[PDB]
Amino acid sequence: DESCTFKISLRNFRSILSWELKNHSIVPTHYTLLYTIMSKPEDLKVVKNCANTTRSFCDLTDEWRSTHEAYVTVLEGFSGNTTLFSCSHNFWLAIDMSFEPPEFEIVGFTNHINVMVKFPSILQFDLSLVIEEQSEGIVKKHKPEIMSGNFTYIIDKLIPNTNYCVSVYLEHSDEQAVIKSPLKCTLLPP
Amino acid sequence: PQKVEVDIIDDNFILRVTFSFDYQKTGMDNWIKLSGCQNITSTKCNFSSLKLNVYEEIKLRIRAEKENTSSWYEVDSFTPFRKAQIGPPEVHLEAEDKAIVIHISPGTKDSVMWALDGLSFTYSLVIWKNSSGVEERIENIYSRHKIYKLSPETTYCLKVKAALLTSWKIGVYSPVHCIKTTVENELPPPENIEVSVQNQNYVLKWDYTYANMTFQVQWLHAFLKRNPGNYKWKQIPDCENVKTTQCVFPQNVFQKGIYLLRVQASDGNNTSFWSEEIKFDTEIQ
Amino acid sequence: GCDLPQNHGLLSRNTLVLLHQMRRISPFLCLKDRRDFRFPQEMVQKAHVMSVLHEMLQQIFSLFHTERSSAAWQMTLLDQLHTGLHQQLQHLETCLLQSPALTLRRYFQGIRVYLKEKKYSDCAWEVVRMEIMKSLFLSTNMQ
Ligand SMILES: *[C@@H]1O[C@H](CO)[C@@H](O)[C@H](O)[C@H]1NC(C)=O
């Protein structure tokens, strides 16, 4: 048969519904995306971002702001003066959404390190920012307190001429796994 | 019309001639006739007929007639659930040599007053020996609870009442019931059960006092002590007729979450009663 | 006061995950069988916070223990739904030491009725589960 399959993740703080096609002989050329909800009986809005897009994905950061609702969506793809197919699916942001790590830099000093976490300036979820400090065998997890463009947490009380490795990542829940930022390592001035 | 006050227990209305009952919903513009509540000698109105939304704020009118003259009485606005009372629970007692099994259920089953709140039920018990008047109180038991440590051939009486924790509602005691525990069973039940794990297998041990005995072990979903109707004690199968005081089976047979277990000595002829129940959390490592 | 096990955030979650895993058909086919259940959002005072919660789970319990529920949901996921609803209720209610709960319940009747109406249908059942899930989420913004 023909099946569409969807990934919904938060990247750079922008929600992003993507999708792939499996066992489609004639793959469309343009897709349009509709979504509604179940709480009140509305009719499918049509995401404007994603109406007639060639790209195989959408940016729902402005349409889907509620964690506590269930978004049911219809994708349709047209390849010619035609509607090729129309598949559906729903999503619970609290469950289905993966949360990519933010961008971060570190800067090495004598007695401490400096992680700057490049958020953007502008909705939100119950997420917690982890900064992970790896030394020899060691791994102090740092969770700072409450998104303002550049953000600086200061890793402190550190030993000079020692080597450190910083990892960054957001974790929505204990249960659901977490994506970790690529490792970035520096060496402290003596 | 003079304001008469009514108190509601269960599905009935008790006022405190022949009467006719009517009611109006909030934002009242019309009056509905309560069937079975019209031109009746009795004061009590039974409305387990529609009259849904016991939850909504109704107002009641009552017409009372003496001779050829009719007297009209209204009632202050109220929501019946708020004013309702949990009538006397239903009780059945099952007898053992040294334990009494209690199975309680709401009286007047299929009530509209309780409906959904009918599983929220938490009962509390009062029990004493006929002779000794000595009274142990038990509180917040689920619908099925068994009382242990009772002397045999003794008549114990007891009475119980239902309660709802969230609602805060609380009501009438059952009538007292009495049962005589049976003549002491020669085979005391196995006792001192213990769940531990070996390797990847579950091991379950207990203390019997008589050598040369075959035992049968069974389990129950933990929550199912809560619902009062329907509930079979499935028997864990490796344990079927073990000859020793321990039974082991692989942890798989049980999926996540809680269970209960009891174990029973049989010598092929007569059989001991059951052991005290044990809450088991598959997540016990 | 009452202190839930450190692992109760983990409990309230496992209910949502189950209610999820119990999905049977594509909620698309049921956009017709939809309905505003008028949930009392205004709710979500520590004591209240617990009453409303215990208020809700027992109801969720009561609603999914039905003869009928057992006929529109795979039994495995019912039992674990029920096991984790009881364990949450049980040590929440252990705190019995010392409009409201009523709006909650009229709310839940709707769901009981709405089904009787739509005649215990497949879609009718999704709508509920899904609905329940929302309300629970909302509920679950209480820690
Ligand atoms: C309880 O004992 C009293 C006398 O104290 C007697 O009247 C009554 O019948 C006894 N009830 C039972 C059930 O043994």
# chains A, B, ... in the order shown; residues from 1 in each chain; ligands from 1

$ closest_atom_pairs --of "chain B" --to "ligand 1" --cutoff "7 Å" --atoms "only C-alpha atoms and all ligand atoms" --output "tab-separated table"
residue	atom	partner	partner_atom_place_in_ligand_line	distance
B:130	CA	ligand 1	1 (C)	5.1
B:131	CA	ligand 1	2 (O)	6.2
B:155	CA	ligand 1	14 (O)	5.8
B:178	CA	ligand 1	13 (C)	5.6

$ residues_around --residues "stretch 78-94 of chain B" --least-positions-apart "6" --cutoff "7 Å" --atoms "only C-alpha atoms" --output "PyMOL selection string"
chain B and resi 7-10+54-59+100-107+113+161-162+170-174+179

$ write_last_selection --atoms "C-alpha atoms" --output "short mmCIF file (atom, residue, chain, number, x, y, z; two decimals), in the first residue's frame"
data_model
loop_
_atom_site.label_atom_id
_atom_site.label_comp_id
_atom_site.auth_asym_id
_atom_site.auth_seq_id
_atom_site.Cartn_x
_atom_site.Cartn_y
_atom_site.Cartn_z
CA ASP B 7 -33.70 15.84 52.72
CA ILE B 8 -32.31 13.40 50.19
CA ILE B 9 -30.76 10.01 50.85
CA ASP B 10 -29.85 7.87 47.87
CA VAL B 54 -28.86 15.27 39.88
CA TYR B 55 -25.94 17.59 39.38
CA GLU B 56 -28.05 20.53 38.12
CA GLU B 57 -29.75 23.07 40.45
CA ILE B 58 -33.45 22.06 40.51
CA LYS B 59 -36.29 23.55 42.65
CA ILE B 100 -14.76 -13.47 58.12
CA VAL B 101 -15.04 -12.42 54.48
CA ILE B 102 -16.86 -9.20 53.74
CA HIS B 103 -18.39 -8.22 50.42
CA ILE B 104 -20.06 -4.79 50.48
CA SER B 105 -21.99 -3.16 47.66
CA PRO B 106 -24.06 -0.01 47.41
CA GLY B 107 -27.68 -0.61 48.41
CA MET B 113 -27.61 9.55 42.44
CA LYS B 161 -21.35 2.61 56.42
CA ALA B 162 -20.29 4.07 53.10
CA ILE B 170 -20.91 10.36 54.44
CA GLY B 171 -23.98 8.33 55.32
CA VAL B 172 -26.14 5.75 57.10
CA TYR B 173 -24.91 2.60 58.80
CA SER B 174 -26.07 -0.73 57.56
CA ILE B 179 -22.10 -14.69 61.51
#

$ select_by_dssp --residues "stretch 4-185 of chain A" --states "helix (DSSP H, G or I)" --output "list in words"
residues 93, 94, 95 and 96 of chain A

$ atom_distance --atom1 "atom CA of residue A:36" --atom2 "atom CA of residue C:22"
21.1 Å

$ atom_distance --atom1 "atom CA of residue A:3" --atom2 "atom CA of residue A:21"
6.2 Å

$ interface_residues --of "chain A" --to "chain C" --cutoff "6 Å" --atoms "only C-alpha atoms" --output "ChimeraX atom specification"
/A:39-41,68-69

$ interface_residues --of "chain B" --to "chain C" --cutoff "9 Å" --atoms "only C-alpha atoms" --output "ChimeraX atom specification"
/B:53-56,81-82,115-120,165-167,221-224,226-227,255-258

$ write_last_selection --atoms "C-alpha atoms" --output "PDB file, in the first residue's frame"
ATOM      1  CA  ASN B  53     -28.209  15.872  36.246  1.00  0.00           C
ATOM      2  CA  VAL B  54     -28.856  15.268  39.876  1.00  0.00           C
ATOM      3  CA  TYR B  55     -25.937  17.593  39.383  1.00  0.00           C
ATOM      4  CA  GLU B  56     -28.049  20.535  38.116  1.00  0.00           C
ATOM      5  CA  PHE B  81     -25.990  15.475  44.869  1.00  0.00           C
ATOM      6  CA  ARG B  82     -24.948  18.077  47.418  1.00  0.00           C
ATOM      7  CA  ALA B 115     -24.020   6.491  38.879  1.00  0.00           C
ATOM      8  CA  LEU B 116     -20.389   7.167  38.167  1.00  0.00           C
ATOM      9  CA  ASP B 117     -19.518   8.006  41.777  1.00  0.00           C
ATOM     10  CA  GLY B 118     -20.358   4.336  42.368  1.00  0.00           C
ATOM     11  CA  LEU B 119     -16.851   3.000  42.394  1.00  0.00           C
ATOM     12  CA  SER B 120     -15.517   5.901  44.424  1.00  0.00           C
ATOM     13  CA  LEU B 165     -13.517  11.019  50.413  1.00  0.00           C
ATOM     14  CA  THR B 166     -13.564  13.719  47.750  1.00  0.00           C
ATOM     15  CA  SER B 167     -17.238  14.560  48.079  1.00  0.00           C
ATOM     16  CA  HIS B 221      -4.835  -7.960  39.925  1.00  0.00           C
ATOM     17  CA  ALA B 222      -4.257  -5.587  42.793  1.00  0.00           C
ATOM     18  CA  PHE B 223      -6.810  -2.915  41.910  1.00  0.00           C
ATOM     19  CA  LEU B 224      -9.710  -5.368  41.441  1.00  0.00           C
ATOM     20  CA  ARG B 226     -12.067  -1.931  44.520  1.00  0.00           C
ATOM     21  CA  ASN B 227     -14.934  -2.841  42.113  1.00  0.00           C
ATOM     22  CA  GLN B 255       3.703  -7.883  33.444  1.00  0.00           C
ATOM     23  CA  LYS B 256       4.397  -4.504  35.060  1.00  0.00           C
ATOM     24  CA  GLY B 257       2.432  -3.377  38.072  1.00  0.00           C
ATOM     25  CA  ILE B 258       0.850  -4.875  41.149  1.00  0.00           C
TER      26      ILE B 258
END

$ select_by_dssp --residues "stretch 35-140 of chain A" --states "strand (DSSP E)" --output "CSV table (one decimal) with N, CA and C atoms, in the first residue's frame"
chain,number,residue,atom,x,y,z
A,35,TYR,N,-4.7,20.8,9.2
A,35,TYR,CA,-4.7,20.3,10.5
A,35,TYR,C,-5.9,20.9,11.2
A,36,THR,N,-6.5,20.1,12.1
A,36,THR,CA,-7.6,20.6,13.0
A,36,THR,C,-7.3,20.1,14.4
A,37,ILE,N,-8.3,20.2,15.3
A,37,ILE,CA,-8.2,19.6,16.6
A,37,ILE,C,-9.5,18.9,17.0
A,45,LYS,N,-8.0,24.1,9.1
A,45,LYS,CA,-7.3,25.2,8.6
A,45,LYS,C,-6.3,24.7,7.6
A,46,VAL,N,-5.9,25.6,6.7
A,46,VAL,CA,-4.8,25.2,5.7
A,46,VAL,C,-3.5,25.9,6.0
A,57,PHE,N,8.2,19.2,3.9
A,57,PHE,CA,8.1,19.5,5.4
A,57,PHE,C,7.4,20.8,5.7
A,58,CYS,N,7.0,21.1,6.9
A,58,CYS,CA,6.4,22.3,7.3
A,58,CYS,C,6.8,22.9,8.6
A,70,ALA,N,-4.8,17.8,20.9
A,70,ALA,CA,-4.4,16.8,19.9
A,70,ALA,C,-4.7,17.2,18.5
A,71,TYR,N,-3.6,17.5,17.7
A,71,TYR,CA,-3.7,18.0,16.4
A,71,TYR,C,-3.8,16.9,15.3
A,72,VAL,N,-5.0,16.8,14.7
A,72,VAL,CA,-5.1,15.8,13.6
A,72,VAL,C,-4.9,16.5,12.2
A,73,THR,N,-4.1,15.9,11.4
A,73,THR,CA,-3.6,16.6,10.2
A,73,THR,C,-3.8,15.8,8.9
A,74,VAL,N,-4.1,16.4,7.8
A,74,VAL,CA,-4.2,15.8,6.5
A,74,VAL,C,-3.2,16.3,5.6
A,75,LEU,N,-2.3,15.5,5.1
A,75,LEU,CA,-1.4,15.9,4.1
A,75,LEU,C,-2.0,15.5,2.8
A,76,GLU,N,-1.9,16.3,1.8
A,76,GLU,CA,-2.2,15.9,0.4
A,76,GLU,C,-1.1,16.3,-0.5
A,77,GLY,N,-0.8,15.5,-1.5
A,77,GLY,CA,0.2,15.8,-2.5
A,77,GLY,C,-0.4,15.7,-3.9
A,78,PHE,N,-0.1,16.8,-4.8
A,78,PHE,CA,-0.6,16.8,-6.1
A,78,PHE,C,0.5,16.8,-7.1
A,85,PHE,N,-3.0,11.6,-3.5
A,85,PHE,CA,-3.4,10.9,-2.3
A,85,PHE,C,-3.6,11.9,-1.2
A,86,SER,N,-4.2,11.4,-0.1
A,86,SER,CA,-4.4,12.2,1.1
A,86,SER,C,-4.3,11.3,2.3
A,87,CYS,N,-3.2,11.4,3.1
A,87,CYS,CA,-3.1,10.7,4.3
A,87,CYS,C,-3.3,11.5,5.5
A,88,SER,N,-3.6,10.9,6.7
A,88,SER,CA,-3.8,11.6,7.9
A,88,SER,C,-2.9,11.1,9.1
A,89,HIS,N,-3.0,11.8,10.2
A,89,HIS,CA,-2.2,11.4,11.4
A,89,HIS,C,-2.5,12.5,12.4
A,90,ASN,N,-2.3,12.2,13.7
A,90,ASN,CA,-2.4,13.2,14.7
A,90,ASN,C,-1.2,13.2,15.6
A,91,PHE,N,-1.0,14.2,16.4
A,91,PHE,CA,0.2,14.4,17.2
A,91,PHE,C,-0.2,15.0,18.5
A,92,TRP,N,0.5,14.5,19.6
A,92,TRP,CA,0.4,15.1,20.9
A,92,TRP,C,1.7,15.7,21.1
A,98,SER,N,10.1,15.7,19.4
A,98,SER,CA,11.5,15.6,19.9
A,98,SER,C,12.1,17.0,20.0
A,99,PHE,N,13.0,17.1,21.0
A,99,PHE,CA,13.6,18.4,21.3
A,99,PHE,C,15.1,18.5,21.1
A,103,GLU,N,22.1,25.7,20.2
A,103,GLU,CA,23.5,26.0,19.8
A,103,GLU,C,24.2,26.6,21.0
A,104,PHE,N,25.5,26.3,21.2
A,104,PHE,CA,26.2,26.7,22.3
A,104,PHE,C,27.7,26.8,22.0
A,105,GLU,N,28.4,27.8,22.7
A,105,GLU,CA,29.8,27.9,22.6
A,105,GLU,C,30.4,27.9,24.0
A,113,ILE,N,34.7,28.0,33.2
A,113,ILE,CA,34.5,27.9,31.8
A,113,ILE,C,33.2,28.7,31.5
A,114,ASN,N,33.1,29.1,30.2
A,114,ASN,CA,31.9,29.9,29.9
A,114,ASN,C,31.0,29.5,28.7
A,115,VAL,N,29.9,28.8,29.0
A,115,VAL,CA,29.0,28.3,28.1
A,115,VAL,C,28.0,29.4,27.7
A,116,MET,N,28.0,29.8,26.5
A,116,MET,CA,27.0,30.8,26.0
A,116,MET,C,26.0,30.0,25.1
A,117,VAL,N,24.7,30.0,25.4
A,117,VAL,CA,23.8,29.2,24.8
A,117,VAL,C,22.9,30.1,23.9
A,118,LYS,N,23.1,30.0,22.6
A,118,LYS,CA,22.5,31.0,21.6
A,118,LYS,C,21.0,30.6,21.3
A,128,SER,N,13.7,21.8,30.5
A,128,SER,CA,14.8,22.2,31.4
A,128,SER,C,16.2,22.1,30.8
A,129,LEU,N,16.9,23.3,30.7
A,129,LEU,CA,18.2,23.3,30.1
A,129,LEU,C,19.3,22.6,30.9
A,130,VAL,N,19.9,21.5,30.3
A,130,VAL,CA,21.0,20.9,31.0
A,130,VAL,C,22.3,21.3,30.3
A,131,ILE,N,23.3,21.7,31.1
A,131,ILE,CA,24.7,21.8,30.7
A,131,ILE,C,25.5,20.8,31.4
A,132,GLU,N,26.2,20.0,30.6
A,132,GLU,CA,26.9,18.8,31.2
A,132,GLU,C,28.4,19.0,31.1
A,133,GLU,N,29.0,18.9,32.3
A,133,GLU,CA,30.4,19.1,32.3
A,133,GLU,C,31.2,17.9,32.6
A,134,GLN,N,32.0,17.4,31.5
A,134,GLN,CA,32.7,16.2,31.6
A,134,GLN,C,34.2,16.5,31.8
A,139,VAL,N,31.3,14.0,35.5
A,139,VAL,CA,30.2,14.4,34.6
A,139,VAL,C,29.1,15.2,35.4
A,140,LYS,N,29.5,16.4,36.0
A,140,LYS,CA,28.5,17.2,36.7
A,140,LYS,C,27.4,17.8,35.8

$ atom_distance --atom1 "atom CA of residue B:18" --atom2 "atom CA of residue B:111"
25.6 Å

$ residues_around --residues "stretch 34-46 of chain B" --least-positions-apart "6" --cutoff "8 Å" --atoms "only C-alpha atoms" --output "ChimeraX atom specification"
/B:11-15,17-23

$ residues_around --residues "residue A:121" --least-positions-apart "4" --cutoff "9 Å" --atoms "only C-alpha atoms" --output "ChimeraX atom specification"
/A:147-150
